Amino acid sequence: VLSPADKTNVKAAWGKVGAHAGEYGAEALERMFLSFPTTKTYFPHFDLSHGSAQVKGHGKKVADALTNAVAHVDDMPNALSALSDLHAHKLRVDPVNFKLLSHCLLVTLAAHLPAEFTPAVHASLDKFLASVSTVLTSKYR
């Protein structure tokens, strides 16, 4: 559960990400596939090589979902209802994988935001990604 300060921090940090959101989504996926190779079992069709168009494309979709979650932070079950159906009901993703991707998104933000990735921002983003992850791993409709 997010505090007012967390919501401010998330909106400010994601604002700093701005137009790079898609790039960062893609890099986070790449980091995840290299660090935690079992996650690749969810994307076997995909070309998972460095510079992959498929990873670039997927990364943009992930990023846009996160932007949507930020804009609807007080309405996440509703905003992410179709993504929850996909991840929790259809794909049955093991929740551990959300911890892995969330970590890799934090690493990616840390690597790109050396002037803005403060401890408080880190904290708020970690909570935000836990909240998103909880919605996407829940079947509630």
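Note that residue numbering begins at 1 and tracks the sequence as displayed. By rigid core we mean the largest C-alpha set that fits within 1.5 Å across both forms.
In summary, of the stretches 86 to 94 and 30 to 38, 86 to 94 shows the greater Cα distance from the shown form in 5 other deposited structures of this protein, with structures fitted on the rigid core. Where the structures in 5 other deposited structures of this protein are fitted on the rigid core, 107 to 115 is the one of 59 to 67 and 107 to 115 whose C-alphas sit farther from the shown form on average.
Taking the mean C-alpha B-factor of each stretch as recorded, 107 to 115 and 52 to 60 are not equal, and the higher mean is that of 52 to 60. Mean C-alpha B-factor is higher over 41 to 49 than over the other stretch, the pair under comparison being 41 to 49 and 68 to 76. Compared with the other modelled residues of the chain, the Cα B-factor recorded for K127 ranks in the lowest third. Among the modelled residues of its chain, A13 has a C-alpha B-factor that falls in the middle third according to the deposited record. The PDB entry assigns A19 a C-alpha temperature factor belonging to the highest third of its chain's modelled residues.
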